[PDB]
file final_12.pdb (PDB, C-alpha atoms (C1' of nucleotides))
ATOM      1  CA  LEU A 730      13.943 -12.729   9.264  1.00  0.00           C
ATOM      2  CA  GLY A 731      11.284 -15.178   8.112  1.00  0.00           C
ATOM      3  CA  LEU A 732      11.121 -15.500   4.327  1.00  0.00           C
ATOM      4  CA  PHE A 733       7.754 -17.135   3.708  1.00  0.00           C
ATOM      5  CA  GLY A 734       7.168 -19.051   0.497  1.00  0.00           C
ATOM      6  CA  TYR A 735       4.468 -18.598  -2.110  1.00  0.00           C
ATOM      7  CA  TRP A 736       2.658 -21.698  -0.819  1.00  0.00           C
ATOM      8  CA  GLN A 737       2.476 -20.088   2.647  1.00  0.00           C
ATOM      9  CA  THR A 738       0.972 -16.803   1.405  1.00  0.00           C
ATOM     10  CA  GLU A 739      -2.549 -16.740  -0.023  1.00  0.00           C
ATOM     11  CA  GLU A 740      -3.660 -13.151  -0.737  1.00  0.00           C
ATOM     12  CA  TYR A 741      -4.099  -9.777   0.933  1.00  0.00           C
ATOM     13  CA  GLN A 742      -7.768  -8.881   1.285  1.00  0.00           C
ATOM     14  CA  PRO A 743      -8.256  -5.120   1.705  1.00  0.00           C
ATOM     15  CA  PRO A 744     -10.675  -4.105   4.476  1.00  0.00           C
ATOM     16  CA  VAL A 745     -14.014  -2.298   4.091  1.00  0.00           C
ATOM     17  CA  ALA A 746     -14.684   1.203   5.391  1.00  0.00           C
ATOM     18  CA  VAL A 747     -17.466   1.077   7.990  1.00  0.00           C
ATOM     19  CA  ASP A 748     -19.542   3.993   9.323  1.00  0.00           C
ATOM     20  CA  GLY A 749     -17.471   6.533   7.401  1.00  0.00           C
ATOM     21  CA  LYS A 750     -14.213   5.380   9.011  1.00  0.00           C
ATOM     22  CA  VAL A 751     -11.081   4.760   6.940  1.00  0.00           C
ATOM     23  CA  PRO A 752      -9.304   1.567   8.071  1.00  0.00           C
ATOM     24  CA  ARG A 753      -5.722   2.037   9.238  1.00  0.00           C
ATOM     25  CA  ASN A 754      -2.734  -0.238   9.778  1.00  0.00           C
ATOM     26  CA  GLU A 755      -0.786  -0.673  13.017  1.00  0.00           C
ATOM     27  CA  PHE A 756       0.960   2.639  12.230  1.00  0.00           C
ATOM     28  CA  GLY A 757      -2.223   4.537  11.343  1.00  0.00           C
ATOM     29  CA  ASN A 758      -1.647   4.523   7.571  1.00  0.00           C
ATOM     30  CA  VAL A 759      -2.670   2.388   4.586  1.00  0.00           C
ATOM     31  CA  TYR A 760      -0.295   0.399   2.387  1.00  0.00           C
ATOM     32  CA  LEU A 761      -1.059   1.306  -1.238  1.00  0.00           C
ATOM     33  CA  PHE A 762       1.712  -0.444  -3.149  1.00  0.00           C
ATOM     34  CA  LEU A 763      -0.970  -1.830  -5.483  1.00  0.00           C
ATOM     35  CA  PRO A 764      -4.434  -0.530  -6.421  1.00  0.00           C
ATOM     36  CA  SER A 765      -6.008  -3.792  -5.232  1.00  0.00           C
ATOM     37  CA  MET A 766      -4.584  -3.080  -1.770  1.00  0.00           C
ATOM     38  CA  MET A 767      -6.950  -0.114  -1.438  1.00  0.00           C
ATOM     39  CA  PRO A 768      -9.676  -0.845   1.142  1.00  0.00           C
ATOM     40  CA  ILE A 769     -13.223  -1.200  -0.136  1.00  0.00           C
ATOM     41  CA  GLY A 770     -15.046   2.109   0.107  1.00  0.00           C
ATOM     42  CA  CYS A 771     -11.897   4.254  -0.027  1.00  0.00           C
ATOM     43  CA  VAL A 772     -10.564   6.684  -2.636  1.00  0.00           C
ATOM     44  CA  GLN A 773      -7.030   8.069  -2.941  1.00  0.00           C
ATOM     45  CA  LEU A 774      -6.873  11.781  -3.781  1.00  0.00           C
ATOM     46  CA  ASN A 775      -3.773  13.666  -4.944  1.00  0.00           C
ATOM     47  CA  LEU A 776      -4.944  17.050  -3.652  1.00  0.00           C
ATOM     48  CA  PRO A 777      -2.307  19.267  -1.988  1.00  0.00           C
ATOM     49  CA  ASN A 778      -3.346  20.603   1.431  1.00  0.00           C
ATOM     50  CA  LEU A 779      -6.394  18.310   1.388  1.00  0.00           C
ATOM     51  CA  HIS A 780      -5.801  17.114   4.959  1.00  0.00           C
ATOM     52  CA  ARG A 781      -6.205  20.639   6.345  1.00  0.00           C
ATOM     53  CA  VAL A 782      -9.576  20.954   4.599  1.00  0.00           C
TER
ATOM     54  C1'  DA B   1     -42.539  77.069  52.075  1.00  0.00           C
ATOM     55  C1'  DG B   2     -39.913  72.186  53.284  1.00  0.00           C
ATOM     56  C1'  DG B   3     -37.633  67.536  52.078  1.00  0.00           C
ATOM     57  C1'  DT B   4     -35.833  63.215  49.947  1.00  0.00           C
ATOM     58  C1'  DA B   5     -36.282  60.455  45.333  1.00  0.00           C
ATOM     59  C1'  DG B   6     -34.980  60.517  40.193  1.00  0.00           C
ATOM     60  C1'  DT B   7     -31.160  61.687  37.435  1.00  0.00           C
ATOM     61  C1'  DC B   8     -26.491  62.867  35.779  1.00  0.00           C
ATOM     62  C1'  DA B   9     -21.541  63.337  36.413  1.00  0.00           C
ATOM     63  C1'  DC B  10     -16.925  61.594  38.269  1.00  0.00           C
ATOM     64  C1'  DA B  11     -14.455  57.051  40.808  1.00  0.00           C
ATOM     65  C1'  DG B  12     -13.281  51.216  41.488  1.00  0.00           C
ATOM     66  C1'  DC B  13     -13.487  46.249  39.281  1.00  0.00           C
ATOM     67  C1'  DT B  14     -12.684  43.418  35.457  1.00  0.00           C
ATOM     68  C1'  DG B  15     -12.228  41.381  30.693  1.00  0.00           C
ATOM     69  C1'  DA B  16     -10.085  42.531  26.085  1.00  0.00           C
ATOM     70  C1'  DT B  17      -5.527  43.632  24.043  1.00  0.00           C
ATOM     71  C1'  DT B  18      -0.540  43.506  22.094  1.00  0.00           C
ATOM     72  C1'  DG B  19       4.101  42.065  23.221  1.00  0.00           C
ATOM     73  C1'  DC B  20       5.842  37.280  23.583  1.00  0.00           C
ATOM     74  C1'  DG B  21       6.326  31.449  24.173  1.00  0.00           C
ATOM     75  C1'  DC B  22       4.560  25.699  22.723  1.00  0.00           C
ATOM     76  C1'  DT B  23       2.313  21.425  18.956  1.00  0.00           C
ATOM     77  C1'  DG B  24       0.890  19.137  14.610  1.00  0.00           C
ATOM     78  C1'  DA B  25       1.013  18.707   9.875  1.00  0.00           C
ATOM     79  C1'  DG B  26       3.111  19.854   4.931  1.00  0.00           C
ATOM     80  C1'  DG B  27       7.589  19.515   1.581  1.00  0.00           C
ATOM     81  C1'  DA B  28      12.874  18.418   0.928  1.00  0.00           C
ATOM     82  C1'  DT B  29      16.221  14.574   1.856  1.00  0.00           C
ATOM     83  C1'  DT B  30      25.676   2.327   4.208  1.00  0.00           C
ATOM     84  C1'  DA B  31      26.216  -3.824   4.197  1.00  0.00           C
ATOM     85  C1'  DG B  32      25.574  -7.548   1.274  1.00  0.00           C
ATOM     86  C1'  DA B  33      26.022  -9.882  -3.985  1.00  0.00           C
ATOM     87  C1'  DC B  34      29.130 -10.481  -8.438  1.00  0.00           C
ATOM     88  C1'  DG B  35      33.133 -11.048 -10.306  1.00  0.00           C
ATOM     89  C1'  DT B  36      38.405 -11.652 -10.230  1.00  0.00           C
ATOM     90  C1'  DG B  37      43.648 -12.375  -9.280  1.00  0.00           C
ATOM     91  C1'  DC B  38      46.107 -15.389  -6.730  1.00  0.00           C
ATOM     92  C1'  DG B  39      47.819 -19.232  -4.005  1.00  0.00           C
ATOM     93  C1'  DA B  40      47.686 -23.929  -2.504  1.00  0.00           C
ATOM     94  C1'  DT B  41      46.071 -28.656  -4.262  1.00  0.00           C
ATOM     95  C1'  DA B  42      45.259 -32.663  -8.059  1.00  0.00           C
ATOM     96  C1'  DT B  43      46.682 -35.427 -11.542  1.00  0.00           C
ATOM     97  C1'  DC B  44      48.137 -37.892 -16.143  1.00  0.00           C
ATOM     98  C1'  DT B  45      52.124 -40.134 -17.320  1.00  0.00           C
ATOM     99  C1'  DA B  46      57.508 -40.406 -19.832  1.00  0.00           C
ATOM    100  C1'  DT B  47      61.233 -42.792 -18.411  1.00  0.00           C
ATOM    101  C1'  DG B  48      64.964 -45.451 -16.112  1.00  0.00           C
ATOM    102  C1'  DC B  49      65.677 -49.169 -12.202  1.00  0.00           C
ATOM    103  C1'  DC B  50      66.636 -54.179 -11.167  1.00  0.00           C
ATOM    104  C1'  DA B  51      65.079 -59.305 -10.662  1.00  0.00           C
TER
END
call {"tool": "encode", "arguments": {"input": "final_12.pdb", "output": "structure tokens"}}
result
Amino acid sequence: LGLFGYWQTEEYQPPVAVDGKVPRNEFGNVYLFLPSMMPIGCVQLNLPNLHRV
DNA sequence: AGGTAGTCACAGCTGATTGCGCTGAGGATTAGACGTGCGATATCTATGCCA
């Protein structure tokens, strides 16, 4: 397991939603450990059953 | 007076229907570090020996 140092890591730049498409990771989701990780043009909503709508 | 076309009333053909089965998205959920008792290893040095 490669433990990279602070000098080897710069910064995570969140993507930008294009043409009404939400960017997704390799697994089809978005990592939202921090608010800055949210892609530009995206909003997180805590609405139950929102995906069905 | 004579006859066959328009029309209405009972038969076949077919899609909708009520029993049942799959998918896809929700809400619930042990193997190193840190410290310790123990067992093997170091070490400073008081004292008696002869040349």
call {"tool": "interface_residues", "arguments": {"input": "final_12.pdb", "of": "chain A", "to": "chain B", "cutoff": "10 Å", "atoms": "only C-alpha atoms (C1' of nucleotides)", "output": "count of residues only"}}
result
4
call {"tool": "atom_distance", "arguments": {"input": "final_12.pdb", "atom1": "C1' of residue 22 in chain B", "atom2": "CA of residue 755 in chain A"}}
result
28.6 Å
call {"tool": "resolve_selection", "arguments": {"input": "final_12.pdb", "expression": "the PyMOL selection byres ((chain A and resi 768) around 8)", "output": "list in words"}}
result
residues 743, 744, 745, 746, 752, 765, 766, 767, 769, 770 and 771 of chain A
call {"tool": "write_last_selection", "arguments": {"input": "final_12.pdb", "atoms": "C-alpha atoms", "output": "PDB file, in the coordinates of the input"}}
result
ATOM      1  CA  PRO A 743      -8.256  -5.120   1.705  1.00  0.00           C
ATOM      2  CA  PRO A 744     -10.675  -4.105   4.476  1.00  0.00           C
ATOM      3  CA  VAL A 745     -14.014  -2.298   4.091  1.00  0.00           C
ATOM      4  CA  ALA A 746     -14.684   1.203   5.391  1.00  0.00           C
ATOM      5  CA  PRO A 752      -9.304   1.567   8.071  1.00  0.00           C
ATOM      6  CA  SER A 765      -6.008  -3.792  -5.232  1.00  0.00           C
ATOM      7  CA  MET A 766      -4.584  -3.080  -1.770  1.00  0.00           C
ATOM      8  CA  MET A 767      -6.950  -0.114  -1.438  1.00  0.00           C
ATOM      9  CA  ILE A 769     -13.223  -1.200  -0.136  1.00  0.00           C
ATOM     10  CA  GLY A 770     -15.046   2.109   0.107  1.00  0.00           C
ATOM     11  CA  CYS A 771     -11.897   4.254  -0.027  1.00  0.00           C
TER      12      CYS A 771
END
call {"tool": "axis_aligned_box", "arguments": {"input": "final_12.pdb", "around": "range 765-780 of chain A", "padding_each_side": "8 Å", "output": "JSON"}}
result
{"center_x": -8.7, "center_y": 8.4, "center_z": -0.1, "size_x": 28.7, "size_y": 40.4, "size_z": 26.2}
call {"tool": "atom_distance", "arguments": {"input": "final_12.pdb", "atom1": "CA of residue 747 in chain A", "atom2": "CA of residue 776 in chain A"}}
result
23.4 Å
call {"tool": "atom_distance", "arguments": {"input": "final_12.pdb", "atom1": "CA of residue 757 in chain A", "atom2": "CA of residue 740 in chain A"}}
result
21.5 Å
call {"tool": "build_atoms", "arguments": {"input": "final_12.pdb", "residues": "range 747-760 of chain A", "atoms": "N, CA, C and O atoms", "output": "compact mmCIF listing (two decimals), in the coordinates of the input"}}
result
# COMPACT_ATOMS: atom_id res chain seq x y z
N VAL A 747 -16.21 1.26 7.28
CA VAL A 747 -17.47 1.08 7.99
C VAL A 747 -17.79 2.35 8.75
O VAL A 747 -16.93 2.91 9.44
N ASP A 748 -19.04 2.81 8.61
CA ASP A 748 -19.54 3.99 9.32
C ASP A 748 -18.71 5.24 9.02
O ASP A 748 -18.48 6.07 9.90
N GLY A 749 -18.25 5.37 7.78
CA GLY A 749 -17.47 6.53 7.40
C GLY A 749 -16.10 6.60 8.03
O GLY A 749 -15.55 7.69 8.20
N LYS A 750 -15.52 5.45 8.38
CA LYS A 750 -14.21 5.38 9.01
C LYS A 750 -13.24 4.68 8.07
O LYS A 750 -13.51 3.57 7.60
N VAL A 751 -12.11 5.33 7.80
CA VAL A 751 -11.08 4.76 6.94
C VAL A 751 -10.25 3.78 7.76
O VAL A 751 -9.69 4.16 8.79
N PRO A 752 -10.15 2.52 7.34
CA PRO A 752 -9.30 1.57 8.07
C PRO A 752 -7.84 1.99 8.03
O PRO A 752 -7.37 2.58 7.05
N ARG A 753 -7.13 1.68 9.11
CA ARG A 753 -5.72 2.04 9.24
C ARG A 753 -4.93 0.82 9.69
O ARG A 753 -5.46 -0.11 10.30
N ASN A 754 -3.63 0.84 9.39
CA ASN A 754 -2.73 -0.24 9.78
C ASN A 754 -2.32 -0.06 11.24
O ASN A 754 -2.89 0.75 11.98
N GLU A 755 -1.32 -0.83 11.67
CA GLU A 755 -0.79 -0.67 13.02
C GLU A 755 -0.16 0.70 13.22
O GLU A 755 -0.12 1.19 14.36
N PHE A 756 0.31 1.34 12.15
CA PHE A 756 0.96 2.64 12.23
C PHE A 756 0.03 3.78 11.83
O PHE A 756 0.49 4.91 11.67
N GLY A 757 -1.26 3.50 11.66
CA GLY A 757 -2.22 4.54 11.34
C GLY A 757 -2.31 4.93 9.89
O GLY A 757 -3.01 5.89 9.57
N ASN A 758 -1.63 4.22 9.00
CA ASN A 758 -1.65 4.52 7.57
C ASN A 758 -2.23 3.34 6.80
O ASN A 758 -2.70 2.36 7.38
N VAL A 759 -2.19 3.44 5.47
CA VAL A 759 -2.67 2.39 4.59
C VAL A 759 -1.58 2.09 3.56
O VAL A 759 -1.04 3.02 2.94
N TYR A 760 -1.26 0.81 3.39
CA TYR A 760 -0.30 0.40 2.39
C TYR A 760 -0.97 0.37 1.02
O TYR A 760 -1.94 -0.37 0.82
